[PDB]
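Written out below as structure tokens is the structure these notes cover.
Each reported figure results from applying straightforward, stated rules to the coordinates on display, with no laboratory input. Reconstructed Cβ throughout: ideal geometry from the backbone, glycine too, with neighbour counts over all protein chains shown.
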Ligand SMILES: *C(=C)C1=C(C)C(=O)N/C1=C\c1[nH]c(/C=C2\N=C(C[C@H]3NC(=O)C(C=C)=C3C)C(C)=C2CCC(=O)O)c(CCC(=O)O)c1C
Ligand SMILES: *C(=C)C1=C(C)C(=O)N/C1=C\c1[nH]c(/C=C2\N=C(C[C@H]3NC(=O)C(C=C)=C3C)C(C)=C2CCC(=O)O)c(CCC(=O)O)c1C
Ligand SMILES: *C(=C)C1=C(C)[C@@H](Cc2[nH]c(/C=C3N=C(/C=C4\NC(=O)[C@H](C)[C@H]4[C@@H](*)C)C(C)=C\3CCC(=O)O)c(CCC(=O)O)c2C)NC1=O
Ligand SMILES: *C(=C)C1=C(C)[C@@H](Cc2[nH]c(/C=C3N=C(/C=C4\NC(=O)[C@H](C)[C@H]4[C@@H](*)C)C(C)=C\3CCC(=O)O)c(CCC(=O)O)c2C)NC1=O
Ligand SMILES: *[C@@H](C)[C@H]1/C(=C/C2=NC(=C\c3[nH]c(C[C@H]4NC(=O)C(C=C)=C4C)c(C)c3CCC(=O)O)/C(CCC(=O)O)=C2C)NC(=O)[C@@H]1C
Ligand SMILES: *[C@@H](C)[C@H]1/C(=C/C2=NC(=C\c3[nH]c(C[C@H]4NC(=O)C(C=C)=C4C)c(C)c3CCC(=O)O)/C(CCC(=O)O)=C2C)NC(=O)[C@@H]1C
Ligand SMILES: *[C@H](C)[C@H]1/C(=C/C2=NC(=C\c3[nH]c(C[C@H]4NC(=O)C(C=C)=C4C)c(C)c3CCC(=O)O)/C(CCC(=O)O)=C2C)NC(=O)[C@@H]1C
Ligand SMILES: *[C@H](C)[C@H]1/C(=C/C2=NC(=C\c3[nH]c(C[C@H]4NC(=O)C(C=C)=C4C)c(C)c3CCC(=O)O)/C(CCC(=O)O)=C2C)NC(=O)[C@@H]1C
């Protein structure tokens with residue numbers, strides 16, 4: 001998993017067995033990623049909606065989510081961030097996330113006028129979502145709090161970066 | 001009748017102020033009823049998506065090459081129909097009756113699905129899930145700091161919307 | 001660096017043990033139930049259609065309601 | 001024609017955005033509204049692909 005980041009990578013069978021031998025808690029890690037990514041749409045829309053209801057002027061004529069072009073771009077960004085975080089959880093580290101997603105992003109938003117406070121709230125909601133799905137708050141019952149804190153840390157890196 | 005012309009062009013209809021006060025005086029539990037409608041319509045996307053998804057995870061063959069939701073065109077049409085149904089149910093709840101729901105949505109729908117080969121049991125599961133979502137949102141038993149409405153009793157409205165969904169499932173299966 | 005591309009990793013997890021649809025995308029048998037599970041990863045451009053954004057604006061503009069989860 | 005009613009509920013008590021789209025009520029009913037419209041319901045291919053990707057990853 002690095003040739004992707006345009007043929008898709010397929011990892012099953014022996015390749016999946018070895019993958020799970022090469023990462024911390026492979027089975028639980030894949031359940032956590034499954035539960036975030038399978039709920040990604042609801043996470044994205046719930047986080048953007050919460051950012052907006054907390055600050056309605058974002059969709060006023062002077063807000064950065066006004067017009068469909070901007071609303072769509074914002075939902076897109078929230079989904080991009082969520083997917084890079086999910087890949088960071090899949091791979092058990094934040095290198096691709098920081099370099100290919102976060103490196104240079106804050107200055108870009110500063111150039112565009114994308115408000116820091118709204119992004120902060122949106123990311124915080126996506127974090128609360130992912131932690132709640134990893135801790136389940138379909139799989140065998142047990143303790144997934146380690147992976148939950150890991151993904152929490154990847155969100156915290158996003159928050160620090162932008 | 002101000003809503004009649006609506007649910008039969010393109011220009012909308014706006015009911016506020018004194019008209020809203022009197023509308024709430026003419027329909028049962030106006031404030032509660034508006035809250036219930038708001039909670040359904042503001043979660044419409046997740047309700048439709050989750051219901052079609054649950055229909056599919058219970059019977060994956062629906063998205064096998066031979067399934068009726070196979071290809072983006074068919075899947076989009078299934079999500080669209082689910083949304084249509086949920087919207088008509090929400091209008092029945094706003095109005096407090098099933099007249100428009102039965103006449104402009106459920107009439108001939110069973111023969112249409114019979115002709116298209118849209119499977120009755122999958123449709124039944126999808127609608128049933130949408131029903132469970134809507135009842136859960138009306139009977140919402142969340143904390144006040146996480147509830148969007150004043151805490152009270154809405155079991156009657158939940159039963160009424162469940163009746164509308166029952167009318168749907170009875171008509172299209 | 002962030003390359004302004006829109007592309008993000010799209011991950012699909014298939015825990016499809018016992019599934020009657022046969023595996024055919026991965027090419028390394030292990031003779032265990034791992035043969036019926038797969039992680040797929042692509043780099044896809046994320047796009048949100050302005051229709052979707054409009055419908056989301058319609059869900060959001062009430063500024064009051066929400067899902068079950070979440071503080072107000 | 002694949003049209004459905006879209007309902008928007010505005011409980012905007014305490015909102016600074018002045019009403020305009022709508023007789024007054026001399027009460028908080030002046031800051032709240034119900035909107036309904038007949039709108040062609042449509043779903044893009046991207047939502048369908050997302051619902052597909054999400055459905056495949058929770059089935060067993
Ligand atoms: C308060 C909350 C708001 C703050 C603060 C802010 O910055 N914007 C706020 C609200 C807001 N409203 C709209 C658009 C509409 N609102 C209505 C509803 C009301 N119209 C009325 O006549 C009454 C009273 C009877 C209302 C209550 C309508 C109809 C619209 C137009 C669009 C629609 O969805 O139909 C926005 C969006 C941009 C704008 O038009 O200001 C925002 C951010
Ligand atoms: C079991 C669940 C299923 C029943 C019963 C059924 O009728 N269909 C079922 C599953 C199903 N799978 C797909 C398509 C894909 N499945 C995978 C994952 C697996 N392939 C593997 O090799 C392994 C393990 C080594 C898996 C686990 C992939 C990658 C696809 C392709 C699509 C994608 O998103 O990449 C479908 C869709 C229709 C089809 O092609 O049959 C269905 C219904
Ligand atoms: C397939 C593997 C599969 C599913 C997908 C899932 C489908 C399913 N969902 C319900 C019930 C509800 N779903 C709700 C939806 C939501 N809650 C929220 O907070 C957001 C806004 C929204 C979208 C995700 C709600 C409110 C309910 C009702 C509460 C409840 O727990 O029932 C069911 C149950 C339906 C029934 O009881 O018949 C199902 C099956 N489950 C799957 O297995
Ligand atoms: C605006 C009026 C507004 C919101 C929109 C809402 C936003 C919000 N949501 C949370 C927390 C969560 N949201 C979750 C999302 C979902 N749960 C589901 O079941 C479906 C699949 C999905 C989509 C609706 C989850 C899981 C959480 C966390 C669980 C929990 O909170 O118990 C928050 C809280 C963020 C935080 O804690 O900082 C917020 C603000 N609230 C609004 O006011
Ligand atoms: C936190 C993420 C969860 C939780 C998960 C647990 N999963 C456990 C075991 C387990 N999970 C899978 C599926 C996984 N492996 C894969 O290869 C793929 C897809 C490619 C997935 C989704 C398997 C196969 C197993 C092993 C047992 C089995 O064969 O079923 C598990 C058990 C502990 C452990 O195995 O270390 C846990 C706790 N449980 C929770 O309570 C939260 C919500
Ligand atoms: C069931 C659906 C709910 C629930 C609802 C209750 N709402 C109550 C009072 C109330 N609700 C509104 C908002 C409503 N009126 C409007 O005009 C509009 C928009 C046009 C809306 C959305 C108002 C204004 C009020 C009155 C009090 C207030 O100002 O907050 C309510 C109180 C009892 C009653 O009014 O008879 C209830 C019980 N409560 C629940 O527990 C479920 C989830
Ligand atoms: C939503 C939660 C935000 C918000 C976001 C907006 N972003 C806008 C444009 C934009 N975003 C990026 C970053 C994005 N592109 C990538 O390739 C990657 C990662 C690989 C990311 C994260 C770029 C580069 C751009 C500009 C170019 C483009 O749109 O492709 C945007 C549009 C601004 C405008 O044109 O007015 C918005 C609205 N806005 C918000 O208010 C919340 C906080
Ligand atoms: C999803 C939950 C279903 C499913 C649905 C499909 N429906 C298909 C076509 C279709 N649906 C309607 C009814 C719809 N249009 C309306 O105007 C109203 C009410 C006012 C409703 C409910 C029509 C008229 C049609 C045919 C014409 C058209 O496509 O617009 C459909 C496509 C079938 C095909 O392509 O052969 C599907 C797949 N399929 C499922 O498996 C679940 C149960």
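Kirkwood Rh, Cα Rg: Rg to Rh for the stretch B:1-172?
Details: Rg = 17.1 Å, Rh = 17.2 Å.
Ratio of gyration radius to Kirkwood radius for the stretch B:1-172: 1.00.
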_Centroid-to-centroid separation of the stretch C:1-36 and the stretch A:66-128 [C-alpha atoms, Å]_ = 25
*By what distance, in whole Å, do the Cα atoms of chain D stretch along each of the three principal axes, largest value first?*
58, 30, 17
*Rounded to whole Å and sorted largest first, list the principal axis extents of the Cα atoms in the stretch B:24-124.*
53, 27, 20
*Helix C:50-60 sits at what angle to the longest principal axis of chain C, using alpha carbons and giving 0 to 90 degrees rounded to 10?*
60
*Once you have all Cα-Cα distances for the protein assembly as shown, histogram them in 10 Å bins from zero and send the whole-percent values.*
4, 19, 29, 26, 16, 6, 1, 0
*Against the globular-protein guess of 2.2 N^0.38 Å, express the Cα radius of gyration of the stretch A:40-82 as a ratio, rounded to two decimals.*
1.08
*Ranking of B:80, B:33 by count of other Cβ atoms within 10 Å, fewest first*: B:80, B:33
